[PDB]
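To keep things clear, I will list the structure first and then write my remarks on it.
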Amino acid sequence: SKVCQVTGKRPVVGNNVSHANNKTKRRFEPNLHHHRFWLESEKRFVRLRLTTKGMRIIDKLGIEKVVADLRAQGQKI
Amino acid sequence: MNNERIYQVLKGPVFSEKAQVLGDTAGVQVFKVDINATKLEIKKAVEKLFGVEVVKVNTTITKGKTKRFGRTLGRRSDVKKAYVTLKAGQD
Amino acid sequence: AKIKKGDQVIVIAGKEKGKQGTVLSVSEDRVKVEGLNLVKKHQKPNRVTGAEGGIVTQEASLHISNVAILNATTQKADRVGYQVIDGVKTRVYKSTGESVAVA
Amino acid sequence: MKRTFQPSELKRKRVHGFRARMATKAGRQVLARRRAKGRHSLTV
Amino acid sequence: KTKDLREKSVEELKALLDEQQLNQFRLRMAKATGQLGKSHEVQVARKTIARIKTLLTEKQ
RNA sequence: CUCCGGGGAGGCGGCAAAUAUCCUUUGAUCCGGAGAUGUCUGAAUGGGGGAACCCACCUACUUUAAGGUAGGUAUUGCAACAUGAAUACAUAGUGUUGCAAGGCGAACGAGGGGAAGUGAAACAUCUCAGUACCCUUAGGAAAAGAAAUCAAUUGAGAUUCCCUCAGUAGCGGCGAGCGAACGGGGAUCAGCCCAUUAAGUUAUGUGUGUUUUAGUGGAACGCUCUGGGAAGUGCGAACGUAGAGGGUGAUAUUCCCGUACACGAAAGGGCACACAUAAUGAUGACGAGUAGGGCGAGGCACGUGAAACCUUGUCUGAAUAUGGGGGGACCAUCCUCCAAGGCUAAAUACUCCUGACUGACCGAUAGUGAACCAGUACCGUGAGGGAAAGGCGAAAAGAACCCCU
RNA sequence: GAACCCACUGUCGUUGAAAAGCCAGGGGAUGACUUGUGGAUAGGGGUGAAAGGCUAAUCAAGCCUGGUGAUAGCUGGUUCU
RNA sequence: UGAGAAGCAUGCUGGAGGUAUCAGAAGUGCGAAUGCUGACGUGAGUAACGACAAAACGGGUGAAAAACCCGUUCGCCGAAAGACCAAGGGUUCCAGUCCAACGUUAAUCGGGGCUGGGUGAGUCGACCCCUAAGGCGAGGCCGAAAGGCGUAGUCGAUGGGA
Ligand SMILES: NCCC[C@H](N)CC(=O)NCCC[C@H](N)CC(=O)NCCC[C@H](N)CC(=O)N[C@@H]1[C@H](O)[C@@H](OC(N)=O)[C@@H](CO)O[C@H]1NC1=N[C@@H]2C(=O)NC[C@@H](O)[C@H]2N1
């Protein structure tokens, strides 16, 4: 399903609101996509399904820290 | 085979005109047997408990009747019969 | 306040009130007393066993509360209590406290 | 004339049978409702 | 009869079980043929078998 | 079926009589506690399958014939061990052992989605309503909880529930409608910690207390009349820490079962307290992709409104105690608190169940659909729908025998 | 032109023998044929050599259970002196 | 007896409950709603008794015979109105016994009631080995959840195998 591995983001529900104030159900979806990251400590590429905010967090903290954190939550990377 | 099953296989004789004629003329004994008894089981049981020689065993199953006794409907159990042919002159 | 199979009782209620006899059986809350409360059964003949029928007289049970044990010394109705004499429980007459006489 | 009910035991069991009901969650809910109502017979 | 069975050992109990089962078969056959007037012996044997099995599992 | 305890004259369950065999004072039936056995289907788990069936494999013992007995053989997750590619180290993958989970079931809890009929005397904003329904998942309760909270004499002091404030202040095609807070009075009261780690909670073992699962004793009425039958009439007695109730041939404190009261446990279970040993609390050490901001939505009584505050799908993005949040646009001054880490009982919600007690609740077209062999008969492919039907007599004493047929 | 598959005309039947038939005639009958068994497509959906036809004797939106005791400025009824 | 809703007394039936006065509470009063449930009328002893292939007589049993049994005649079908298999049904099969209800009439008869019998396989069929359409599906891909699809496999005859 559409879940970001780094942040846990998922689609949420909301409304389309028209000019006459008609309200209809809608969904907001994350900016999800697949990306390969080079893990040097393991000499391999890891493929993650994540968002652009996930990429920003990886840029901030390093891929090793993020991968260790995700493993600590029971994610089989 | 164990003696427990050996003593449990055979239930009793059959008393009817057909059974009597078969016993009188053909050297055939008709038994009521356990519903799950096999032909080999019946052969071994008869041979052990009567000291005769069995040529062959024929088995048939008759489904129980459903009758309205009083105000309630009841059903009888299925009965398996065994035709046991003895060798030459026995029993 | 038990009534047992061999006691001597006197009827205190019903059409047999005032008569006495030996109890023949106690079952549930009903008691049969020999010679008392007789009914006439019109027995049909039995085809299988022969034994042609007829009008027979037999005892019918009364309610257990309709009889009382008879005190042999006083010839009066009485109630029953229990006393632990020695180590055994024993029935006694409430009027005089004597042990119930085995018949 | 040909009427609507044309019996067939195999089709009856494969469509409405115990294992067919057990195969889906809606069928298991059907069995739960019939058990709660106390039906003497659960399935065909 | 329970005490009498109880003093016996395992081997004697296992033998008595076979004798009682054979006797049960004989009694059933006699009742089926109709040459058995007294009928309580089938119940006695049926209870004796159960008592023997109970004592066997108790001792083992 | 076995053992232990209770009980003491009968019993072999009911419709459902009757008969035969019988059992039992050498202790039966029956009652309570603890064990033994416990076929097949069903999460069903050795494979399969149209539920109650079909077909198997491995190991050990046993038989002599085409078998028997005992055990093992599902999947997934975790851990240990062994093995092991592309590819050199490795990794993926594979196997064995051990541990755990799955399913069912009332209501209450928490979370993920979420209508329309209707009202507005039409209808789209709005209402109905976060209701009905679907989905996931706990516990005996759950959730919340120890201020980056309110207040506005500079005061209060965690959370939850009830009464009031008040149909007030406000929101609203300013329509129909929706509808607070502050303060006050009550219920219950409790705080403790972030790496040598707290309160608390859960298991196990021992001790004490209490309760529960059979049971025992248990007072005292006669005569007379009516009557098929007395408990009713008339007369006179007795008990009462017992005049609750039920039965007995009509209406009984004293006929029976009981009731007040006084005793009672081989053995097992529940709860409370204390101690002892584990674990857990506890991968967490003062909180950065965080607070705040632009765009789009949601929640707040509050529908974009002068709209503060909370949540975030998207794009961004600090200061870090000489610092930061709030006080309903916003600024200054004052007051107040310390977010981006946690645990925590009670007052609160409910009834598939167990025991006792109660009703100006019904009495067979009523009361459950069902007082009775009812979720049955019957109807439908199926989901599903769904009845009718109580009363001889105190006691069967349920009509021997004769007559017509 | 028989079996088989259809259904053009007429009488009868219409509380029927039958909730669509009988009888006398009629069309196709080696093909775009008829038929058994077992499967697939599910409700604003399916399927349709197309009639809004068919989807269990029900179809301009199947059936069942829930919202639900929908709403009805309409019709009926509303019990002794 | 009273102005009324109603009250009072008593004969018969019935066989165990009823209840003044004054207060108190309501499932408190029925002719209608094409109202609901049960019972019973009118039509009326009226229509009808289900293919127009068709019956007649002698004897038997029996309470009773147009319908049952035996016999002698007559007639109808004969590409089905005969003989089988699958599906479906489930004891309807056979014998004895009974006639209330069921049978569109009666019934001694019956697919009706009651009691007892009856289905015998190495070669027939199923089971079994094999696969089609299609179903399920270890891992896997996808999806708010439920779930959708699908690989290796595993089922599935209407077909192949003594
Ligand atoms: N001058 C003229 C003379 C003429 C001459 N004579 C010739 C003549 O012409 N004669 C005519 C004959 C008349 C008639 N034909 C005879 C007849 O009919 N016999 C019927 C015989 C069989 C009868 N069916 C049996 C029957 O029904 N049992 C009932 C039944 O099981 C059940 O009842 C319900 N609810 O279903 C039960 C309720 O609990 O009660 C049972 N029974 C009970 N009794 C018991 C009791 O009292 N206490 C204890 C308990 O045992 C009680 N249960």
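Within every chain, numbering begins at 1; the chains are lettered A, B, ... in the order of the sequence lines, protein sequences first and strands thereafter.
Remark: B:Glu41 does not engage B:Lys80 in a salt bridge, criterion side-chain N to carboxylate O under 4.0 Å. Ion pairing between B:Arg5 and B:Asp34 holds under the 4.0 Å rule for side-chain N and carboxylate O.
Under 4.0 angstrom from either OP1 or OP2 of F:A9 there lies no side-chain N or O belonging to C:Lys5. The side chain of D:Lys13 places an N or O atom within less than 4.0 Å of a non-bridging phosphate oxygen (OP1 or OP2) of F:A51. Contact between the side-chain N/O atoms of D:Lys11 and the OP1/OP2 oxygens of F:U381 is not found at any separation under 4.0 Å. The side chain of D:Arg3 contributes an N or O atom lying less than 4.0 Å from OP1 or OP2 of G:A20. For the pair C:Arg79 and F:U254, the criterion of a side-chain N or O lying under 4.0 Å from OP1 or OP2 is not met. For B:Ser16, no side-chain nitrogen or oxygen approaches OP1 or OP2 of H:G116 to under 4.0 Å. Between B:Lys44 and the phosphate of F:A66, there is a side-chain N or O to OP1/OP2 separation shorter than 4.0 Å. Taking side-chain N and O atoms only, D:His40 has a distance below 4.0 Å to OP1 or OP2 of F:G375. Remark: B:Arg68 is not in phosphate contact with H:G113, judged by side-chain N or O atoms under 4.0 Å from OP1 or OP2.
Here H:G120 presents its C1' atom at 12 Å from NZ of B:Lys80, a figure rounded to the nearest Å. Atom CZ of D:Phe18 is separated from atom P of F:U41 by 12 Å (rounded to the nearest Å). Atom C1' of nucleotide F:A90 and atom CD of A:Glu40 are separated by 14 Å, given to the nearest angstrom. Distance, C:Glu16 CD to F:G249 P: 13 Å, rounded to whole Å. The nearest whole Å value for the distance from the CD atom in E:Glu58 to the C1' atom in F:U37 is 12 Å. Atom CD in C:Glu52 sits about 15 Å away from atom P in F:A400, given to the nearest Å. As a whole-Å value, the separation of D:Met1 CE from G:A17 P is 17 Å. Between the P atom of F:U2 and the CD1 atom of E:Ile49 lies a distance of 14 Å, rounded to the nearest Å.
Annotation: side chain of C:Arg91 is in contact with side chain of C:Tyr82 (closest heavy-atom distance under 4.5 Å).
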Practice task
Show the numbers, then the answer: is there a salt bridge (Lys or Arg N to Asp or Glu O under 4.0 Å) between A:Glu42 and A:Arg44?
Solution key: CA-CA 6 Å; A:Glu42 262 149 56; A:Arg44 50 183 274 252; 2.9 Å; yes

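Scanning both residues, C:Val92 and C:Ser99, for their nearest heavy atoms gives CG1-CA, 4.1 Å.
Side-chain atoms of B:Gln29 never come within 3.5 Å of backbone atoms of B:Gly23 as a donor-acceptor pair (strictly under, hydrogens ignored).
Taken together, F:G139 and F:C108 constitute a Watson-Crick or G-U wobble pair, since both relevant N/O distances lie under 3.5 Å. Here G:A24 sits opposite G:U9 as a true base pair, Watson-Crick or G-U wobble, both distances under 3.5 Å.
With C1' as the reference atom, F:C379 and G:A56 are 15 Å apart, rounded to whole Å. Using P as the reference atom, F:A364 and F:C372 are 16 Å apart when rounded to the nearest Å. Nucleotides F:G243 and F:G264 place their P atoms 25 Å apart, quoted to the nearest Å. Distance noted for atom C1' between F:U202 and F:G281: 11 Å (whole Å). Rounded to whole Å, the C1' atom of F:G84 lies 16 Å from the corresponding atom of F:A88. Separation of the P atoms belonging to F:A301 and F:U283 is 38 Å when rounded to the nearest angstrom. Nucleotides F:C337 and F:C150 are separated by 12 Å at their P atoms, to the nearest Å. Taking atom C1' in both F:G102 and F:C89, one finds a spacing of 42 Å when rounded to whole Å.
The salt bridge (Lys or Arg N to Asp or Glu O under 4.0 Å) contacts involving residues 33-44 of chain D comprise nothing, where partners must be two or more places apart or lie in separate chains.
Using a 4.0 Å heavy-atom cutoff across all strands shown, A:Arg49 reaches sugar-phosphate atoms only and no base atom.
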Interface polar pairs with nucleotides 131-135 of chain F, N/O, under 3.5 angstrom:
from	atom 1	to	atom 2	distance (Å)
F:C135	OP1	D:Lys25	NZ	2.9
F:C135	OP1	D:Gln29	NE2	2.7

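Across all strands shown, F:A214 has no partner, as no Watson-Crick or G-U wobble contact with both distances under 3.5 Å is found. With a 3.5 Å ceiling on both atom-pair distances, G:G13 lacks any Watson-Crick or G-U wobble partner. Applying the Watson-Crick and G-U wobble criteria (two distances, each under 3.5 Å), H:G71 pairs with H:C57.
Closest to the side chain of C:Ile12, out of F:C255, F:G398, F:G384, is F:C255. Closest contact between the side chain of D:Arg12 and the listed nucleotides F:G317, F:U381, F:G68 involves F:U381.
The base of H:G117 lies outside donor-acceptor range of the side chain of B:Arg76, with no N or O pair under 3.5 Å. For B:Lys65 against H:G117, a side-chain N or O and a base N or O form a donor-acceptor pair under 3.5 Å. Contact of A:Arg56 with F:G317 (side chain to base): a donor-acceptor pair of N or O atoms is detected under 3.5 Å. For a distance-only test at 3.5 Å, the side chain of D:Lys37 qualifies as a donor-acceptor partner of the base of F:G386.
Cation-pi geometry between A:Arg47 and A:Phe45 is not satisfied (NZ or CZ under 6.0 Å from the ring centre, within 45° of the ring normal).
Where E:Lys38 and E:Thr57 each meet RNA chain F at their nearest nucleotide, the meeting point lying more 5' is that of E:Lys38. Comparing B:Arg71 and C:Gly54 against RNA chain F, the residue whose closest nucleotide sits nearer the 5' end is B:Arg71.
A heavy atom lying under 4.0 Å from RNA chain G marks none of the residues of residues 7-38 of chain A.
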